[PDB]
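Here's a solo chain for you in structure tokens, the form deposited without the named molecule.
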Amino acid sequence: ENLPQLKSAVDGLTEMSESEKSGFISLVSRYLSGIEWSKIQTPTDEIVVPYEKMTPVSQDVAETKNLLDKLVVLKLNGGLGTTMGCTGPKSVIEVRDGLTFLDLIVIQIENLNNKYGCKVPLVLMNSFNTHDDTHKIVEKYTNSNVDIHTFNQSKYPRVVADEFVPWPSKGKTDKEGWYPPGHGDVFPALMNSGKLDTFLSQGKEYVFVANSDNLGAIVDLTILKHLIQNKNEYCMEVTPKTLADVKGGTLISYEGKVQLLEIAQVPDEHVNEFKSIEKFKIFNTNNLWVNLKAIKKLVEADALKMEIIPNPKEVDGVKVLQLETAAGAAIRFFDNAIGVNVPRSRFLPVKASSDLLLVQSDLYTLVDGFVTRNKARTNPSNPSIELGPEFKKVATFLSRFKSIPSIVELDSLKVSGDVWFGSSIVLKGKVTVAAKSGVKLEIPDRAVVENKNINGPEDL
């Protein structure tokens, strides 16, 4: 509690840079100091521009090329693969045809630079959990036609919840004593790293930020052209909420400003209202387009005061607090800030096993680096896929599917218990496989499983 005792402890932490100490103290200050639901307003086409209403690029190529000379592409790469049972950066999990997320990213940018003769740089924002591994991995791209920059974001101390002291101040100085404080940190870190000023000197004007695991976040020149023509200093890509997205962060008007609103800022009495997709119709994809000169101005001015997100964790039986911020929450600080409501093709996340099943099946293919949806697929929606904990770890997932089944005509798959799948299986309509406790169920090679429940070996 209070300020200067915490500040003294933090200044004691010789692992932290001066900019890190100051940044962390600033978060703690605002968190300890402190959205009225009734003052919230639903957005309109004046805040959220439909992607269709935007003016397409003209057939004139030199225009496309002038747009691309101003662009820097940034991928958020601070997350480990441990949620999916893998060591190393999440971005080095193989997504399809043997290629990692990062492989696809390098290939896309290389092909942009080929198609158009531009020199679009890639930058990866790493964390202390991914920085060294990433540094070694990216050597593989040495001869690739893309300049790849990396920088490490901030490293803040986990705070012991009960005592409110930095955990490293109590001797917990190994990796478990610290955390990367969210992707909101991308802004000060891009500044603190020196990279922002670099890109500035070269006449770059915009950065396109996206999660390294969103397969849909490809350079879109309609969006960028709009920002230049309308002087929008920030643009969030949003997409309509389906029932799968009810908890997603959304864009509102609040005290005269476009703002991101997340469930955390929403009172208990109001969460059900928040979750209504007729009320709040769109959600943040984390595909963000931001003006570089505006970042520099706002970071230098100490203007970016995003909502603090507690994120408490229990680590080795010690409850800690991890104060973090979100990159989309910065939207309220930028001049002429907007959302662009985009097709869901631009939001294809891999967060679990079930998403790999999506993108590794015949429902998609690699075309020139792009995870391209099968044209045969009649329904504009992807099948719903649910798997038990048996399928959580990627390697176990891959072993439980002798080959990935065809899902091109699938509507829905649910799998529970100890289930194994043979090769060349085809899945259609609504499929359920449910192995009871103590039972292992194996689905034979070349099975066609169609609008059917499988609750035992007695379902052939």
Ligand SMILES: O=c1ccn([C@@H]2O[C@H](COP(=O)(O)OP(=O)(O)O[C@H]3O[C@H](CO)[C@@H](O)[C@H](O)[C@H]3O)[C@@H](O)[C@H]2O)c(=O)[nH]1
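We call the rigid core whatever largest set of C-alpha positions still superposes within 1.5 Å between the two forms. One rule holds for the numbers: they count along the sequence shown, beginning at 1.
One more form of this protein should be noted, the form deposited with the named molecule bound, which is absent from this view; the next part is about it.
*Asks:* Heavy atoms within 4.5 Å of the named molecule in the bound PDB entry: does residue 291 have any?
*Replies:* Heavy-atom contact with the named molecule at 4.5 Å: absent for residue 291.
*Asks:* Spell out, yes or no, whether the shortest heavy atom distance between residue 102 and the named molecule in the bound PDB entry is within 4.5 Å.
*Replies:* No, residue 102 stays farther than 4.5 Å from the named molecule in the bound PDB entry.
*Asks:* Taking the shortest heavy atom distance, is residue 134 within 4.5 Å of the named molecule in the bound PDB entry?
*Replies:* No, residue 134 sits far enough from the named molecule in the bound PDB entry that none of its heavy atoms falls within 4.5 Å.
*Asks:* Whether residue 76 contacts the named molecule in the bound PDB entry should be assessed with a 4.5 Å heavy atom distance threshold; does it?
*Replies:* Residue-level check for residue 76: yes, a contact with the named molecule.
*Asks:* Answer yes or no: in the bound PDB entry, does the named molecule come within 4.5 Å of a heavy atom in every one of 353, 361 and 418?
*Replies:* Zero of three within 4.5 Å in the bound PDB entry.
*Asks:* Using a 4.5 Å heavy atom cut-off, which residue among 383, 182, 339, 188 comes into contact with the named molecule in the bound PDB entry?
*Replies:* Among 383, 182, 339, 188, a heavy atom within 4.5 Å of the named molecule in the bound PDB entry occurs only for 182.
*Asks:* Just to confirm, with a 4.5 Å cut-off on non-hydrogen atoms, which of 286, 113, 265, 253 contacts the named molecule in the bound PDB entry?
*Replies:* Contact check passes for 286.
*Asks:* Since the chain is shown here on its own, which stretch among 94-102, 78-86, 225-233, 361-369 would lie within 4.5 Å of the named molecule in the bound PDB entry, judged by heavy atoms?
*Replies:* Residues of 78-86 come within 4.5 Å of the partner.
*Asks:* Quick one: lay the two forms over each other on the core and tell me which of 315, 246, 219, 228 moves its CA by at least 2 angstroms between this form and the one not shown.
*Replies:* One residue passes the 2 Å cut-off, namely 246.
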